[PDB]
Amino acid sequence: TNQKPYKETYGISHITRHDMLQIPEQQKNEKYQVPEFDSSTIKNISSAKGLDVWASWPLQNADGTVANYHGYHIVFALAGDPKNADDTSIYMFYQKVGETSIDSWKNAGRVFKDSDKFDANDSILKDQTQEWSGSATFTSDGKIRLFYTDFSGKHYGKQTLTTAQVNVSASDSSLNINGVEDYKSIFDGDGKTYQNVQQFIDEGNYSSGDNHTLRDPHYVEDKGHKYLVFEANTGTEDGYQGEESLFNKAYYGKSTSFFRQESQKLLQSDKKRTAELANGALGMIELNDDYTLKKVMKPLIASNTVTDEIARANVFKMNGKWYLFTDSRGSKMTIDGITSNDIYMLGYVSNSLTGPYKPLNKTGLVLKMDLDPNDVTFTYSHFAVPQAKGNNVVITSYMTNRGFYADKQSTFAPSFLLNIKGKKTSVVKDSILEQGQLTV
Ligand SMILES: OC[C@H]1O[C@@](CO)(OC[C@H]2O[C@@](CO)(OC[C@H]3O[C@@](CO)(OC[C@H]4O[C@@](CO)(OC[C@H]5O[C@@](CO)(OC[C@H]6O[C@](O)(CO)[C@@H](O)[C@@H]6O)[C@@H](O)[C@@H]5O)[C@@H](O)[C@@H]4O)[C@@H](O)[C@@H]3O)[C@@H](O)[C@@H]2O)[C@@H](O)[C@@H]1O
Ligand SMILES: OC[C@H]1O[C@@](CO)(OC[C@H]2O[C@@](CO)(OC[C@H]3O[C@@](CO)(OC[C@H]4O[C@@](CO)(OC[C@H]5O[C@@](CO)(OC[C@H]6O[C@](O)(CO)[C@@H](O)[C@@H]6O)[C@@H](O)[C@@H]5O)[C@@H](O)[C@@H]4O)[C@@H](O)[C@@H]3O)[C@@H](O)[C@@H]2O)[C@@H](O)[C@@H]1O
Ligand SMILES: [Br-]
Ligand SMILES: [Br-]
Ligand SMILES: [Br-]
Ligand SMILES: [Br-]
Ligand SMILES: [Br-]
Ligand SMILES: [Br-]
Ligand SMILES: [Ca+2]
């Protein structure tokens, strides 16, 4: 055949088959394992009575550290009725700084009223059916600036990175959401750098096996420049999905001998098409000072052949280096030895915000969680929260799968600590914090 191998990095970093195949052995080390949690201590968020509360994010200062909003910490979370998976709205919870109990989290309610997306006179928001995850920054002039994912069940799962300013009143006692403003779509994918939903739709959408994503926008600043880093998929010009992508050695790793081995297995494997379709990416755009789209930038990293889904993009500068993280499910990967119970947080390090990134702990493995989904202390959506001092970050996550238990809802997991040193990380032994704790 005249279809020959090649190597093209497209100028971006890559999560490779070589590195992923080392994780099943490496993940046996307790250094990379989410700690065992004691279910006897776990409570529902009492101020969110009856709602599942899952993927969540703190209001952050520009540097990623947790914001002090007039004496409060603020966390945005997705929540809704456990009996309806399509009930997904963003709620704002808060706690006085210094409190750490689960029962210190108060609930200011939903950020958005039903009419907000229609009052915005933004044509994409008119079609929103769910509010998916994001980030929130506390601006120089004291404003709460939210980014999140507008999901549209009406348009085959379209996902649009979206922003609003949340106007909140204080009261000694409680915080109040008075309304939102500057509510607008920012980016729905350009087709060339980031897949757009029209490519999903026209290739056959749900019956194609493709997984289109454009979500989880994370706000970050470098030198006054404003950016979103987000979960996406590559487009036509930066290593698109398809049979051809199986012939790019940059997706396999450094050795040509590993490449010919692994590629022939993959090409004749039951997971060939899944790997062809797999083209996840952590994308990056620059914003203008009014939070509109200024510049589409190339992905920080891509996961061609390995998975279509690298979620909850997170990036921050810590002690001189940039750390980039993403969550990913073993159930959607194509890597032998990685099982449908494996769940990971993967992590990468660079001297600059824009790359290039190198895998942490050699493989990119940072955290592994492999509890049965029915386990009450199952956790997902791990998220590294930068701290003002030291080498440790706080890992938040949600606990208990949505809708599984009548009386134990998805809740804030016990936080725990992750030590980050140069290119290596370690779960800090016996570092379990309160449920939902953001700071040490
Ligand atoms: O309180 C939450 C509760 O309300 C629902 C809406 O029923 O969620 C509304 C909440 O969701 C948010 C999030 O941003 O706004 C969603 C916005 O999008 C719309 C639609 O434009 O809602 C979509 C959700 O509603 C559902 C079903 O309730 O679909 C409506 C949608 O489905 C279609 C297609 O089949 O129709 C039909 C179905 O409905 C009946 O008429 C029953 O009444 C049947 O005859 C018929 O079989 C389509 O015609 C129609 O447009 C659901 O699939 C979607 O997720 C907005 O109305 C809404 O603002 C919140 O802002 C908002 O509070 C619900 O999901 C949830 O349980
Ligand atoms: O909660 C969001 C939050 O979670 C994070 C992680 O923290 O990750 C995403 C998480 O969400 C999951 C699943 O819950 O993965 C998402 C991926 O699954 C897809 C589909 O593969 O989306 C699911 C949503 O789309 C909906 C429908 O709008 O379901 C699609 C689903 O329904 C089927 C039938 O079951 O078809 C329905 C569809 O078919 C038609 O009839 C044809 O027209 C339509 O009328 C109708 O809409 C099925 O064929 C199809 O698979 C919605 O109900 C579902 O919720 C992907 O689009 C999506 O990428 C987790 O696995 C994952 O961790 C974070 O990233 C995020 O912010
Ligand atoms: Br409302
Ligand atoms: Br929906
Ligand atoms: Br195309
Ligand atoms: Br192709
Ligand atoms: Br193809
Ligand atoms: Br129960
Ligand atoms: Ca894909």
# chains A, B, ... in the order shown; residues from 1 in each chain; ligands from 1
>>> residues_around(residues="range 48-50 of chain A", least_positions_apart="4", cutoff="9 Å", atoms="only C-alpha atoms", output="JSON, numbers by chain")
{"A": [44, 79, 80, 81, 82, 93, 106, 107, 109, 407, 409]}
>>> residues_near_ligand(ligand="ligand 2", cutoff="6 Å", atoms="only C-alpha atoms and all ligand atoms", output="list in words")
residues 55, 86, 132, 133, 153, 156, 157, 206, 211, 212, 213, 216, 311, 312 and 381 of chain A
>>> atom_distance(atom1="CA of residue 382 in chain A", atom2="CA of residue 51 in chain A")
19.9 Å
>>> select_by_dssp(residues="range 34-147 of chain A", states="strand (DSSP E)", output="ChimeraX atom specification")
/A:52-60,72-80,89-96,106-110,130-138,144-147
>>> write_last_selection(atoms="C-alpha atoms", output="compact mmCIF listing (two decimals), in the first residue's frame")
# COMPACT_ATOMS: atom_id res chain seq x y z
CA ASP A 52 -27.45 16.25 42.97
CA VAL A 53 -24.49 18.66 43.04
CA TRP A 54 -21.60 17.55 40.86
CA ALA A 55 -18.94 19.35 38.75
CA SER A 56 -17.93 22.49 40.61
CA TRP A 57 -15.39 25.27 40.49
CA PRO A 58 -14.31 28.06 42.86
CA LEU A 59 -14.32 31.72 42.11
CA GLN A 60 -10.63 32.38 41.48
CA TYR A 72 -16.84 34.70 51.42
CA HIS A 73 -15.53 31.88 49.29
CA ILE A 74 -17.73 31.21 46.27
CA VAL A 75 -18.18 27.92 44.41
CA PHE A 76 -20.29 27.42 41.28
CA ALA A 77 -21.67 23.94 40.72
CA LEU A 78 -23.86 22.05 38.36
CA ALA A 79 -26.97 20.71 40.07
CA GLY A 80 -30.43 19.42 39.41
CA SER A 89 -28.13 24.34 35.88
CA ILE A 90 -25.36 26.29 37.58
CA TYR A 91 -25.89 27.17 41.25
CA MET A 92 -23.78 29.46 43.40
CA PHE A 93 -22.83 28.32 46.88
CA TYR A 94 -20.81 30.32 49.41
CA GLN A 95 -19.17 30.07 52.85
CA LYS A 96 -17.56 32.61 55.14
CA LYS A 106 -24.98 28.20 51.78
CA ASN A 107 -26.90 28.28 48.52
CA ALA A 108 -27.63 31.51 46.72
CA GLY A 109 -29.65 29.59 44.10
CA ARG A 110 -29.29 29.44 40.33
CA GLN A 130 -28.35 22.77 29.88
CA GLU A 131 -25.61 24.76 31.59
CA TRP A 132 -22.34 22.82 31.67
CA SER A 133 -19.13 23.43 33.53
CA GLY A 134 -16.65 26.28 33.43
CA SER A 135 -14.65 28.71 35.57
CA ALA A 136 -15.18 32.07 37.32
CA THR A 137 -12.75 34.93 37.85
CA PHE A 138 -12.82 37.85 40.33
CA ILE A 144 -17.68 38.18 39.35
CA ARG A 145 -17.06 37.04 35.77
CA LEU A 146 -18.41 33.56 34.92
CA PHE A 147 -17.47 31.33 31.98
>>> residues_around(residues="residue 210 in chain A", least_positions_apart="2", cutoff="10 Å", atoms="only C-alpha atoms", output="list in words")
residues 200, 201, 203, 204, 205, 206, 207, 208, 212, 213, 241, 273, 274, 276, 277, 278, 279 and 308 of chain A
>>> write_last_selection(atoms="N, CA and C atoms", output="PDB file, in the first residue's frame")
ATOM      1  N   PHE A 200     -19.873  17.572  13.478  1.00  0.00           N
ATOM      2  CA  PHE A 200     -20.521  16.477  14.204  1.00  0.00           C
ATOM      3  C   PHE A 200     -21.835  16.093  13.545  1.00  0.00           C
ATOM      4  N   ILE A 201     -22.687  17.102  13.285  1.00  0.00           N
ATOM      5  CA  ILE A 201     -24.029  16.868  12.758  1.00  0.00           C
ATOM      6  C   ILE A 201     -23.944  16.178  11.418  1.00  0.00           C
ATOM      7  N   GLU A 203     -21.539  14.509   9.798  1.00  0.00           N
ATOM      8  CA  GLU A 203     -20.940  13.176   9.680  1.00  0.00           C
ATOM      9  C   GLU A 203     -21.865  12.094  10.222  1.00  0.00           C
ATOM     10  N   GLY A 204     -23.020  12.459  10.763  1.00  0.00           N
ATOM     11  CA  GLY A 204     -23.948  11.450  11.278  1.00  0.00           C
ATOM     12  C   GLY A 204     -24.179  11.526  12.770  1.00  0.00           C
ATOM     13  N   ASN A 205     -23.575  12.493  13.442  1.00  0.00           N
ATOM     14  CA  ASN A 205     -23.778  12.805  14.866  1.00  0.00           C
ATOM     15  C   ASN A 205     -23.814  11.538  15.683  1.00  0.00           C
ATOM     16  N   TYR A 206     -24.933  11.286  16.371  1.00  0.00           N
ATOM     17  CA  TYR A 206     -24.900  10.260  17.409  1.00  0.00           C
ATOM     18  C   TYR A 206     -24.679   8.867  16.814  1.00  0.00           C
ATOM     19  N   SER A 207     -25.178   8.601  15.623  1.00  0.00           N
ATOM     20  CA  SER A 207     -24.920   7.266  15.124  1.00  0.00           C
ATOM     21  C   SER A 207     -23.507   7.087  14.569  1.00  0.00           C
ATOM     22  N   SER A 208     -22.636   8.113  14.589  1.00  0.00           N
ATOM     23  CA  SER A 208     -21.311   7.928  14.024  1.00  0.00           C
ATOM     24  C   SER A 208     -20.300   7.407  15.027  1.00  0.00           C
ATOM     25  N   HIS A 212     -18.379  14.892  20.096  1.00  0.00           N
ATOM     26  CA  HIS A 212     -18.026  16.286  19.910  1.00  0.00           C
ATOM     27  C   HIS A 212     -18.104  17.026  21.243  1.00  0.00           C
ATOM     28  N   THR A 213     -17.069  17.835  21.535  1.00  0.00           N
ATOM     29  CA  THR A 213     -16.977  18.527  22.815  1.00  0.00           C
ATOM     30  C   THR A 213     -16.445  19.945  22.599  1.00  0.00           C
ATOM     31  N   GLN A 241      -9.333  13.919  13.311  1.00  0.00           N
ATOM     32  CA  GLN A 241      -9.722  12.501  13.405  1.00  0.00           C
ATOM     33  C   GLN A 241      -9.737  11.888  12.011  1.00  0.00           C
ATOM     34  N   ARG A 273     -11.833   2.051  14.833  1.00  0.00           N
ATOM     35  CA  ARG A 273     -12.664   3.220  14.518  1.00  0.00           C
ATOM     36  C   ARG A 273     -12.741   4.204  15.690  1.00  0.00           C
ATOM     37  N   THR A 274     -12.835   3.689  16.928  1.00  0.00           N
ATOM     38  CA  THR A 274     -12.820   4.511  18.131  1.00  0.00           C
ATOM     39  C   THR A 274     -11.539   5.337  18.218  1.00  0.00           C
ATOM     40  N   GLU A 276      -9.608   6.048  15.562  1.00  0.00           N
ATOM     41  CA  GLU A 276      -9.660   7.007  14.448  1.00  0.00           C
ATOM     42  C   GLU A 276     -10.443   8.257  14.853  1.00  0.00           C
ATOM     43  N   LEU A 277     -11.612   8.062  15.492  1.00  0.00           N
ATOM     44  CA  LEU A 277     -12.488   9.163  15.885  1.00  0.00           C
ATOM     45  C   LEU A 277     -11.937   9.973  17.050  1.00  0.00           C
ATOM     46  N   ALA A 278     -11.057   9.381  17.860  1.00  0.00           N
ATOM     47  CA  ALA A 278     -10.494  10.043  19.032  1.00  0.00           C
ATOM     48  C   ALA A 278      -9.574  11.189  18.620  1.00  0.00           C
ATOM     49  N   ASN A 279      -9.982  12.414  18.912  1.00  0.00           N
ATOM     50  CA  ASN A 279      -9.121  13.559  18.659  1.00  0.00           C
ATOM     51  C   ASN A 279      -9.374  14.649  19.705  1.00  0.00           C
ATOM     52  N   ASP A 308     -11.424  10.798  22.792  1.00  0.00           N
ATOM     53  CA  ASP A 308     -12.148  11.962  22.298  1.00  0.00           C
ATOM     54  C   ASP A 308     -12.465  12.896  23.409  1.00  0.00           C
TER      55      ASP A 308
END
>>> residues_around(residues="range 169-185 of chain A", least_positions_apart="5", cutoff="7 Å", atoms="only C-alpha atoms", output="ChimeraX atom specification")
/A:108,111,120,122,124-125,160-164
>>> write_last_selection(atoms="N, CA, C and O atoms", output="PDB file, in the first residue's frame")
ATOM      1  N   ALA A 108     -26.935  30.328  47.208  1.00  0.00           N
ATOM      2  CA  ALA A 108     -27.632  31.508  46.720  1.00  0.00           C
ATOM      3  C   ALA A 108     -28.573  31.189  45.556  1.00  0.00           C
ATOM      4  O   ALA A 108     -29.179  32.102  44.999  1.00  0.00           O
ATOM      5  N   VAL A 111     -27.665  30.800  39.203  1.00  0.00           N
ATOM      6  CA  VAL A 111     -27.138  32.021  38.599  1.00  0.00           C
ATOM      7  C   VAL A 111     -28.147  32.621  37.649  1.00  0.00           C
ATOM      8  O   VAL A 111     -28.361  33.841  37.648  1.00  0.00           O
ATOM      9  N   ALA A 120     -30.772  37.888  26.472  1.00  0.00           N
ATOM     10  CA  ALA A 120     -29.416  38.287  26.117  1.00  0.00           C
ATOM     11  C   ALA A 120     -29.291  38.759  24.680  1.00  0.00           C
ATOM     12  O   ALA A 120     -28.245  39.317  24.330  1.00  0.00           O
ATOM     13  N   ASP A 122     -28.753  37.060  21.905  1.00  0.00           N
ATOM     14  CA  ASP A 122     -27.596  36.322  21.446  1.00  0.00           C
ATOM     15  C   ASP A 122     -28.257  35.101  20.844  1.00  0.00           C
ATOM     16  O   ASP A 122     -29.076  34.451  21.515  1.00  0.00           O
ATOM     17  N   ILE A 124     -27.310  32.171  19.840  1.00  0.00           N
ATOM     18  CA  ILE A 124     -26.970  30.816  20.229  1.00  0.00           C
ATOM     19  C   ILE A 124     -27.576  30.497  21.588  1.00  0.00           C
ATOM     20  O   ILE A 124     -28.138  29.423  21.791  1.00  0.00           O
ATOM     21  N   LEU A 125     -27.536  31.458  22.509  1.00  0.00           N
ATOM     22  CA  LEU A 125     -28.123  31.247  23.837  1.00  0.00           C
ATOM     23  C   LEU A 125     -29.606  30.919  23.758  1.00  0.00           C
ATOM     24  O   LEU A 125     -30.140  30.209  24.632  1.00  0.00           O
ATOM     25  N   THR A 160     -21.127  25.769  23.437  1.00  0.00           N
ATOM     26  CA  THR A 160     -20.620  27.087  23.143  1.00  0.00           C
ATOM     27  C   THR A 160     -20.028  27.696  24.397  1.00  0.00           C
ATOM     28  O   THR A 160     -20.711  27.817  25.436  1.00  0.00           O
ATOM     29  N   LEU A 161     -18.777  28.119  24.302  1.00  0.00           N
ATOM     30  CA  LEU A 161     -18.173  28.758  25.459  1.00  0.00           C
ATOM     31  C   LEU A 161     -18.865  30.106  25.654  1.00  0.00           C
ATOM     32  O   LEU A 161     -19.018  30.874  24.692  1.00  0.00           O
ATOM     33  N   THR A 162     -19.278  30.398  26.893  1.00  0.00           N
ATOM     34  CA  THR A 162     -20.204  31.494  27.169  1.00  0.00           C
ATOM     35  C   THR A 162     -19.717  32.242  28.398  1.00  0.00           C
ATOM     36  O   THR A 162     -19.091  31.656  29.295  1.00  0.00           O
ATOM     37  N   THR A 163     -20.050  33.528  28.474  1.00  0.00           N
ATOM     38  CA  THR A 163     -19.647  34.327  29.623  1.00  0.00           C
ATOM     39  C   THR A 163     -20.845  35.127  30.110  1.00  0.00           C
ATOM     40  O   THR A 163     -21.749  35.454  29.341  1.00  0.00           O
ATOM     41  N   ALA A 164     -20.807  35.480  31.388  1.00  0.00           N
ATOM     42  CA  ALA A 164     -21.710  36.473  31.949  1.00  0.00           C
ATOM     43  C   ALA A 164     -21.023  37.096  33.156  1.00  0.00           C
ATOM     44  O   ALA A 164     -20.179  36.469  33.801  1.00  0.00           O
TER      45      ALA A 164
END
>>> residues_around(residues="residue 425 in chain A", least_positions_apart="4", cutoff="7 Å", atoms="only C-alpha atoms", output="list in words")
residues 361, 366, 418, 419, 420 and 421 of chain A
>>> closest_residue(among="A:196, A:248, A:401, A:363", to="ligand 6", atoms="only C-alpha atoms and all ligand atoms")
A:248
